[PDB]
Amino acid sequence: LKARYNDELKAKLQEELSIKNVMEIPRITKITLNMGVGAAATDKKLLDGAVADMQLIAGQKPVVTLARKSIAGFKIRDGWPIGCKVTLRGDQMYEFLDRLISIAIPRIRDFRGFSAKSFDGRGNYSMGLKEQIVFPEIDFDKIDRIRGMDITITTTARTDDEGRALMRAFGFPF
Amino acid sequence: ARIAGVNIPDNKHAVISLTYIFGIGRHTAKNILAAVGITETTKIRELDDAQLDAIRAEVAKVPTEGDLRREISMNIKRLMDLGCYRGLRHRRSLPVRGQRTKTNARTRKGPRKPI
RNA sequence: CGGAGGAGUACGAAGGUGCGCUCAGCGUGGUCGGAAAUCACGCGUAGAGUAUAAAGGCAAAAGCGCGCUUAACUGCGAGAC
RNA sequence: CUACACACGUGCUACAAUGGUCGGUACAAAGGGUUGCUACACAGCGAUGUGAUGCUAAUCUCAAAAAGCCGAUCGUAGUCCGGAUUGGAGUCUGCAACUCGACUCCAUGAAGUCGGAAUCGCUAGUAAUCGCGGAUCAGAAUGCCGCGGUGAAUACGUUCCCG
RNA sequence: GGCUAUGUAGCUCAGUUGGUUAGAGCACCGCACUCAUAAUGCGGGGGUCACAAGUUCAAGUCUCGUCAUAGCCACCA
């Protein structure tokens, strides 16, 4: 995207929302990718698989997320690693959004999977995409089991309607 | 290849490979290949991208995988909701087409349960 | 021979220094994943932590990280409790 | 009379390569048929429908024997093995197939990889395996009573088990 | 009145090492053998720790208390 949002979506959104000032025009700040894996300390093979998948879906090196606190109910202790995460900003996040809306959504079997609302009341949107497939990666042979993933889009929009306007302008189904 | 959302075997002949999709049997695969023009005994690895696209377009005209599963679930749930005799049998998880239940109903009612 | 609890250790880093960082709780949203795991944003907020009992303390944090290291030195020591 | 947390007896189909599927192509006996069996043609993927022909039968019909032989393919996999269960659409008998019929087509594709202690049948055209017919009967056989095709292995002996 | 010790399948028992529950043998239930029993052979399923509180790898595996139980000390004038 980039140039498209810079050239028309800004004035178009200002028209849409009757925004008085250029800064009050909403923008999207960051995109965060998360995998939460349990029982990672058991083998660590699945953890390496998670970091590999992240590195392919997003062209950045992920960082492993350590457990905070120690839960008796689960098998975790505060020492062990239990996840992976990446943050995408600027050009990287724009290319990630472009590739997402281009390839992933047609490939997933359920359509319009993102609901209408899925909002926190802060203009920030979250989606949970099942399986590490449905993204440009290695073919199904020579990969581990499928792993779900969390995408979170954090924007400068103040309200849910402003967030929805920004997504519809970008082409997001909802 | 990946057709209709699943990865079919590559070394098997086309007719055998296509029956790996939920919703296609031997007759349906036999008809799809005849409609497209591909020979029956051709292996999947020996098809080109255009022929794979043709097969993927032909598969679209029949219900498959998720849609067919959803429809079957809808029918059974409608029967149970209505509450007729067939829906009652479905609720009880017993034979639905009039087979005896004094003996020989293990497929429907699962493994034996001690008293 | 009144009322209640602890000790007979641990640590070459859990010591030194330079630079850097703040806890805990609750509420929304988000795959497996829930009362409670990891991710994002808010609201009140030291109620967290300090190898270990309690008390007196702790924002220049005395709490938490990273790089380099041996001052866990030798000879002393005005003056005090 | 068909119920269904369970237990037992008698059977059928399998668990595959001495096999499965497709194409071509041989060889029986016995029995039934006028409220019945139907050549042939057309329609249908099919069960079947319509028209029509012969037969009261060594005359016409059920009727395709199947395993077999030749060629291709599958290459040991829960599979091109297996065919339970379930969703959808139909045909026929019958006044009427909900409880509660048989059969056809599409889809689905369960258990099962040779079975513990124990136990059964069989001495030759026998066992094993393959098909065909009938009585009952509007319709409804894996049961019963019959018919043929292919066609084995082993018996030293009476010590023990049963009579 | 004082100390010690113990409390877990239907019964007998091990429990262990605070992650961890737990395992056994009888017994029981199905099958088999038998004219019918017993004896015998085959298969299978079973306890979540006497409780009440606290700390934490809830912990039956530590510390406190209540109850049940067993033992012997309750003396000199």
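Here is how names work: the chains are called A, B, and so on, in the same order as the sequence lines, proteins then strands, and each is numbered from 1. We use all heavy atoms of the structure for the numbers below, so side chains are in, but hydrogens, waters and symmetry mates are not.
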Counter-base of [N], judged by Watson-Crick or G-U geometry with both distances under 3.5 Å:
{"N": "D:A127", "result": "none"}
{"N": "E:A9", "result": "none"}
{"N": "E:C33", "result": "none"}

Would one find a side-chain N or O of [X] under 4.0 angstrom from OP1 or OP2 of [N]?
{"X": "A:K30", "N": "C:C41", "value": "yes"}
{"X": "B:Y20", "N": "D:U108", "value": "no"}
{"X": "B:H27", "N": "D:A107", "value": "no"}
{"X": "B:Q99", "N": "D:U86", "value": "yes"}
{"X": "A:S118", "N": "C:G30", "value": "yes"}
{"X": "B:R86", "N": "D:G87", "value": "yes"}
{"X": "B:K113", "N": "E:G30", "value": "no"}
{"X": "A:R68", "N": "C:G49", "value": "no"}
{"X": "B:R89", "N": "D:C4", "value": "yes"}
{"X": "A:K69", "N": "C:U38", "value": "no"}
{"X": "B:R112", "N": "D:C6", "value": "no"}
{"X": "B:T101", "N": "D:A3", "value": "yes"}

Quiz item: What are the two closest non-hydrogen atoms of A:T29 and A:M93, and how far apart are they?
Solution: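 Shortest heavy-atom contact: O-CE, 3.4 Å.
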Quiz prompt | Rounded distance in Å - CD1 (A:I76) to P (C:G34) | solution =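 Checked: the CD1 to P distance equals 15 Å.
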Quiz prompt | Atom-pair distance (CD on B:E40; P on D:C80), nearest Å | solution =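 Roughly 15 Å, once rounded to whole Å.
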Atom [atom1], compared across [N] and [M]: separation rounded to whole Å:
{"N": "D:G31", "M": "D:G134", "atom1": "P", "result": "12 Å"}
{"N": "E:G15", "M": "E:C62", "atom1": "P", "result": "13 Å"}
{"N": "E:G54", "M": "E:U66", "atom1": "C1'", "result": "16 Å"}
{"N": "D:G143", "M": "D:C22", "atom1": "P", "result": "26 Å"}
{"N": "D:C92", "M": "D:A140", "atom1": "P", "result": "15 Å"}
{"N": "D:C114", "M": "E:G47", "atom1": "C1'", "result": "40 Å"}
{"N": "D:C156", "M": "D:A124", "atom1": "P", "result": "15 Å"}
{"N": "C:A60", "M": "C:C21", "atom1": "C1'", "result": "15 Å"}

Identify whether [M] and [N] are a Watson-Crick or G-U wobble pair (both distances under 3.5 Å).
{"N": "E:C28", "M": "E:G44", "value": "yes"}
{"N": "C:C41", "M": "C:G27", "value": "yes"}
{"N": "D:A43", "M": "D:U48", "value": "yes"}
{"N": "D:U123", "M": "D:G19", "value": "no"}
{"N": "D:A7", "M": "D:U79", "value": "no"}
{"N": "D:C40", "M": "D:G51", "value": "yes"}
{"N": "E:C51", "M": "E:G65", "value": "yes"}
{"N": "C:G47", "M": "C:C23", "value": "yes"}
{"N": "D:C95", "M": "D:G36", "value": "no"}

Quiz prompt | Salt bridge A:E162-A:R158, side-chain N to carboxylate O under 4.0 Å | solution =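 Answer for the salt bridge query: yes.
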Practice problem: Salt-bridge test for B:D81 and B:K77: reply yes if a basic N is under 4.0 Å from a carboxylate O, no otherwise. | Solution: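 Between B:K77 and B:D81 there is a salt bridge, with a charged N closer than 4.0 Å to a carboxylate O.
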Self-check item: Proximity to the side chain of B:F22 - top-ranked nucleotide from D:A5, C:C41, D:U108
Solution: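 Of D:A5, C:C41, D:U108, D:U108 is nearest to the side chain of B:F22.
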Quiz item: Relative to the 5' end of RNA chain C, which residue comes earlier, A:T152 or A:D120, by the nucleotide with the nearest heavy atom?
Solution: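 Looking at RNA chain C, the more 5' nearest nucleotide goes with A:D120.
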Quiz item: Toward the 5' end of RNA chain C, which comes first, A:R122 or A:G83, by nearest nucleotide?
Solution: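 The answer here is A:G83.
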Quiz item: Any stacking of A:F119 on C:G29, going by centres under 5.5 angstrom and planes within less than 30 degrees?
Solution: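 Stacking between A:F119 and C:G29: absent.
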Practice problem: May I ask you to classify the sugar pucker of D:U142 as north or south from its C1'-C2'-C3'-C4' sign? | Solution: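 Taking the sign of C1'-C2'-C3'-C4' as the criterion, D:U142 has a south sugar, on the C2'-endo side.
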Quiz item: Per the atom types in the model, does the base of D:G101 pair as donor or acceptor with the side chain of B:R97 at under 3.5 Å?
Solution: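 No.
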Quiz item: At under 4.0 Å between heavy atoms, what does A:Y125 touch on the DNA or RNA strands: base, sugar-phosphate, or nothing?
Solution: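 No contact.
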Quiz item: Between A:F172 and A:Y125, is the ring centre distance below 6.0 Å?
Solution: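 They qualify: ring centres under 6.0 Å apart.
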